[PDB]
Amino acid sequence: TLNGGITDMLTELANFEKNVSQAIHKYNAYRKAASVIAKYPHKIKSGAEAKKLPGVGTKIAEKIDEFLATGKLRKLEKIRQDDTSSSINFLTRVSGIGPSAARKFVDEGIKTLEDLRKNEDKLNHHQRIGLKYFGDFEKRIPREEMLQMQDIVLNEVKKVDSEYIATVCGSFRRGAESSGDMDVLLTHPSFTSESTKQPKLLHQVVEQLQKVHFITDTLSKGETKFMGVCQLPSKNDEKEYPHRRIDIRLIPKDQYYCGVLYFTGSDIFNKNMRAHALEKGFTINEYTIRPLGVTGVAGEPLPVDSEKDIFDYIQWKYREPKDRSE
DNA sequence: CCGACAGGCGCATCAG
DNA sequence: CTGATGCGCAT
DNA sequence: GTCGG
Ligand SMILES: [Mg+2]
Ligand SMILES: [Mg+2]
Ligand SMILES: [Mg+2]
Ligand SMILES: [Mg+2]
Ligand SMILES: [Mg+2]
Ligand SMILES: [Mg+2]
Ligand code: NA
C-alpha cells in the first residue's frame, strides 16, 4: 500500500499495453517499474525521485508527477471510457483468451460474458473451461485450502509410486497467505536429463488425481506439463469449494534445483534474475544454467547442487523464497 | 542513439 | 505428414 | 518504455 496508487496505475498501463496494444515489452516495462516502486521503502514525492529507480524512466516519471498532482491519469481515464479497449481487456480475463483472440472476438461483436455464453461454438477447449469457471478462477485460494490441496496431491502421488517427489511451488512456496492457483513440481528417478526409463510418468499422476475426483478438467496435457482444474471435497450441506487452477510440471530429477527456482518465481523475479544472468554471461531456464558464448549461444550445463548455487554463479546473495515476492 | 528485453510447453495454424 | 510460426500460458 | 555499451 506504500505507493499503491502509483503501482496500481502502472499495472493498469501494463495490462493495457499487453491486452490492447499487444506490446509485450511495454507490458514488461510497466511491470518492472511497478515492482521496483513497490519495493522502494519511501513514499514517492516526485517523478524525479522515482526516476532514480532502475526501470523507471522519463515517461513513467511524468505520469507519476501527473498522478501525484491530480490523483489520476488522463491517459487511463480515456482508456477506461473506451468501450472497445475495455471489452478487449475484459475478455482476456477468461483463461485461454489472450490479446489476439480478445480483439478478434470484440471485432465480431462478442464483448460480454453474455456474448461468450451464447457463442461457445467459437471457443476452443481451454477457452470453454475458462468461461465455465470464470468466477471461480477469479477467486484466490486461502493458504489453509492450499494446505489441504497439498495433502491430497502428495498422498495421491505417493499411492502411485513412493519414488515420486511432489513439491508445491509458486506463491505457496513463497509463504503467501493466499495463492492464485496451485503449482506442483514433480520428479521421479526414472526421468532424468539422461534417460526416460519409464513412460507415462506424468500421465499416471494425472489419472490418479482424476480417479479420486480431485482433478476435474484438463486445459492442456503433454509429457511434462499439465494445465487443468481441481476442486477440494466439501462436506454435506456445505457450499462447494471454488474450482481451482492447477499446474503440474514434471522436471528431470537431476535438474530439480533449476526447476524449483523457475516454478517458485515470482514471474517478475525470474525475469529480473534471468536478465541479470544474461548481463553476467549466463542463460537460465527451468533445466539448467549455461554460460553464453560470443554470439549468445549457450554452452554446456554447469553443475548445480542447490538453489543457492544458481545465485552464486550470477553473484547474487541468496534470496529465500519468501523474498522473491512482489 | 538502439538493439535487447526470460525461457519454454502444449496447441493451433499454415505452407508444402 | 513435417517444420516453422505464433498464441496463451507458466513461473 | 527503459537501459548499457
Ligand atoms: Mg531510472
Ligand atoms: Mg486470458
Ligand atoms: Mg501459482
Ligand atoms: Mg499456476
Ligand atoms: Mg490435449
Ligand atoms: Mg501467476
Ligand atoms: Na537446457
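Quick note on labels: first sequence line is chain A, next is B, and so on, each numbered from 1.
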Touch class at under 4.0 angstrom, heavy-atom based, for A:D247 against every strand present: sugar-phosphate
Touch class at under 4.0 angstrom, heavy-atom based, for A:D181 against every strand present: sugar-phosphate
Note: A:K75-A:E66 ion pair, threshold 4.0 Å (strictly below): no
Candidate list A:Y262, A:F269, A:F282, test side-chain contact (heavy atoms from CB on, under 4.5 Å), partner A:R274, passing option: A:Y262
side-chain N/O A:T224 vs B:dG10 OP1/OP2, d < 4.0 Å: yes
Out of D:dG1, B:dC5, C:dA10, whichever nucleotide has its closest atom nearest the side chain of A:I60: D:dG1
Sidechain-backbone polar pair: A:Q315 side chain, A:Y313 backbone, donor-acceptor under 3.5 Å: yes
Whichever of A:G222 and A:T283 has its nearest DNA chain B nucleotide further upstream toward 5': A:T283
N/O donor-acceptor pair under 3.5 Å between A:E286 side chain and A:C258 backbone: no
Where the sugar of B:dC1 falls when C1'-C2'-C3'-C4' decides north versus south: south
Sugar-phosphate, base or nothing in reach of A:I97, heavy atoms under 4.0 Å: sugar-phosphate
C:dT11 base / A:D267 side chain donor-acceptor hit below 3.5 Å: no
Integer-rounded Å distance: B:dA6 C1' and A:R290 CZ: 12 Å
Sugar-phosphate only, base, or nothing, as touched by A:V184 at under 4.0 Å among non-hydrogen atoms: nothing
Touch class at under 4.0 angstrom, heavy-atom based, for A:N124 against every strand present: nothing
Side-chain donor or acceptor of A:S179 paired with backbone N/O of A:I141 under 3.5 Å: no
Distance in angstrom units between A:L278 CG and D:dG4 P, rounded: 14 Å
Residues A:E12, A:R80: salt bridge by 4.0 Å N-O rule: yes
A:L292 CG to B:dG7 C1', straight-line distance once rounded to whole Å: 12 Å
Gap between atoms CD1 and P, on A:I284 and B:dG7 respectively (whole Å): 9 Å
Runs of at least three Watson-Crick or G-U pairs with DNA chain B, cut-off 3.5 Å: B:1-5 with D:1-5, B:8-16 with C:1-9
Phosphate OP1/OP2 of C:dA10 contacted by A:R245 side-chain N/O (<4.0 Å): yes
Side-chain donor or acceptor of A:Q127 paired with backbone N/O of A:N124 under 3.5 Å: yes
Between B:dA4 (P) and A:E279 (CD): distance, integer Å: 14 Å
Residue A:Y262, side-chain heavy atoms: nucleotide from B:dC11, D:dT2, C:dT11 that is nearest: C:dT11
Sugar-phosphate only, base, or nothing, as touched by A:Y27 at under 4.0 Å among non-hydrogen atoms: nothing
Distance, rounded to the nearest Å, where A:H203 contributes NE2 and B:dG10 contributes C1': 17 Å
Under-4.0 Å side-chain N/O to phosphate OP1/OP2 contact, A:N285 with B:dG8: yes
C:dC9 sugar pucker (north/south) via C1'-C2'-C3'-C4': north
Side chain of A:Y30 (C-beta onward), nearest among B:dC9, D:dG1, C:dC9: D:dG1
A:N28 vs A:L219, nearer the 5' end of DNA chain B by closest nucleotide: A:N28
Length of the CG-P vector between A:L53 and D:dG1, whole Å: 18 Å
5' priority, DNA chain C, between A:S100 and A:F263 [closest heavy atom]: A:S100
Presence of A:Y287 side-chain N/O under 4.0 Å of B:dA6 phosphate oxygens OP1/OP2: no
Sugar-phosphate only, base, or nothing, as touched by A:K32 at under 4.0 Å among non-hydrogen atoms: nothing
Sugar-phosphate only, base, or nothing, as touched by A:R174 at under 4.0 Å among non-hydrogen atoms: sugar-phosphate
Side-chain donor or acceptor of A:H188 paired with backbone N/O of A:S190 under 3.5 Å: yes
Donor-acceptor contact below 3.5 Å, side chain A:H125 vs main chain A:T218: yes
Partner of A:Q231 by side chain to side chain donor-acceptor pair (under 3.5 Å), out of A:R244, A:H213, A:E240: A:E240
Touch class at under 4.0 angstrom, heavy-atom based, for A:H126 against every strand present: sugar-phosphate
Touch class at under 4.0 angstrom, heavy-atom based, for A:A277 against every strand present: nothing
Side-chain N or O of A:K271 closer than 4.0 Å to phosphate OP1/OP2 of B:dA6: yes
Nearest-angstrom distance from the residue atom CD1 of A:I129 to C1' of B:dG10: 16 Å
A:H203 versus A:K221, side-chain donor and acceptor atoms under 3.5 Å: yes
Closest to side chain of A:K225, choosing from B:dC11, B:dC9, D:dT2: B:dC9
Close residues, residues 300-326 of chain A, relative to DNA chain B [heavy-atom separation under 4.0 Å]: none
A:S35 (side chain) donor-acceptor with A:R31 (main chain) under 3.5 angstrom: no
